[PDB]
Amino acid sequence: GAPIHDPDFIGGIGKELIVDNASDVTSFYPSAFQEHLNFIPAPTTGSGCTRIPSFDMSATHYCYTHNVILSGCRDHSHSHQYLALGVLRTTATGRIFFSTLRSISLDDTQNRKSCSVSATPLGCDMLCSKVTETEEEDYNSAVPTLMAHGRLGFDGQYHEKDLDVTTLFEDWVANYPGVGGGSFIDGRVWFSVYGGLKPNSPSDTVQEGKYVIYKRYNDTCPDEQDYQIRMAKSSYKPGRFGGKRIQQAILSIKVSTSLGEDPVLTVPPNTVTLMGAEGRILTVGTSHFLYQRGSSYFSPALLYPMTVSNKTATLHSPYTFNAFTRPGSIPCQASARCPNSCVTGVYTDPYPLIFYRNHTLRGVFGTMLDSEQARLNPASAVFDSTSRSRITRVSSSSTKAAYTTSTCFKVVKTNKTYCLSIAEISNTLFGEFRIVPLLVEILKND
């Protein structure tokens, strides 16, 4: 009885979209942006701050959420979340439109932040942190960040349960969802999570001495090997948050009428993962991936293959897309090639788009910020390990922007492949930002 996408999409959601072994990845490219039903609310006042979009779509419905601050993006006192659950549909003319069925403003007195959502068989699951301090202050206070698992049901009602962070995140000083969407796998919902570890705690100790260096395709770091290792190690304890170890983690929760049931946190070894950061758990076909924002020295987009075993997950050496860089402050700018300590960058995920016949990933779609340091010029394109296809731009003029989260699918009825790319774009008259659901069709030269 639950909602489902129109018949035109059945079988075209969350699967390997393009399988070719001959064609060059970059022979595929995005069309000009397309006009479709903008399902994302824009601000209604001059100061309203709408930011931090999260989106996930299963074979039956999609979920979306973003944060809203009344006075501006700088205010940290209180805020509310917009939540939407809907399904994909097509017009009589074959035009797609995300048709939301449940649209609500979640505003009590709790300050939910850095929320991630995931489409599960019971509706739209959301994981958020509840803050009573600034991020800097959070990392400075020994106790972990409070968190809650909530869900917007098909009936439009929202229910949630606060997680026992004192136990679940006993070894952490701060912990937040990765904002990127979560994914439903084997009866459990999986969320990317990150934060700071309590020094000398068991979690901190096991990571002691663990690091991993990922390099730029055709740009070797000149520094002596011993120095790179030194910097690689320190990259996990950047100065931004008082030298606390910023760790990557994955949280899985059983999906049931009981929210927060049987939570299990997985902390991958830092011999594979770079400094903890925002991220997303993706499922395309039978493959799973952890996207990790390039908040550290590594600029190319990362996708760590992810396999699940019961309630825990295992990550492997990541796929990297050298041309899919992100802006960052020096010495961690887009063109950075050496290990260093920093907490910068921006969330701009890559969606698995092209695969080999044997299911290894070849190319992805994404909207990068085509800039060295400043958060500017959104550019949608198709990427492989080293290059970028022809691009599609929001504007030929200098344009301020931030986060982008892309999800691709296929309209089986028209046999056309599309990619939704939700991007925070600068705005005028109504708030600092406008979260726009950009849409493009994936094309191929000839």
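Residue positions are given as counts along the sequence shown, with the first one as 1.
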With B-factors read from the PDB entry, the higher C-alpha mean of 298-306 and 354-362 is in 354-362
Decide which of the stretches 418-426 and 20-28 has the higher mean C-alpha B-factor, going by the entry. 20-28
Of the residues 349, 125, 278, 133, the one whose Cα carries the largest B-factor in the deposited record is 133
Whose C-alpha has the highest temperature factor in the PDB entry: 150, 178, 86, 209? 209
Lowest, middle or highest third - CA B-factor, residue 326: lowest
Relative to the other modelled residues in the chain, which third contains the C-alpha temperature factor of residue 37: lowest, middle or highest? lowest
Place residue 242 in the lowest, middle or highest third of its chain's C-alpha B-factors, as listed in the PDB entry. middle
Residue 195's Cα B-factor: lowest, middle or highest third of the chain? lowest
Ranked by Cα temperature factor within the chain, is residue 60 in the lowest third, the middle third or the highest third? middle
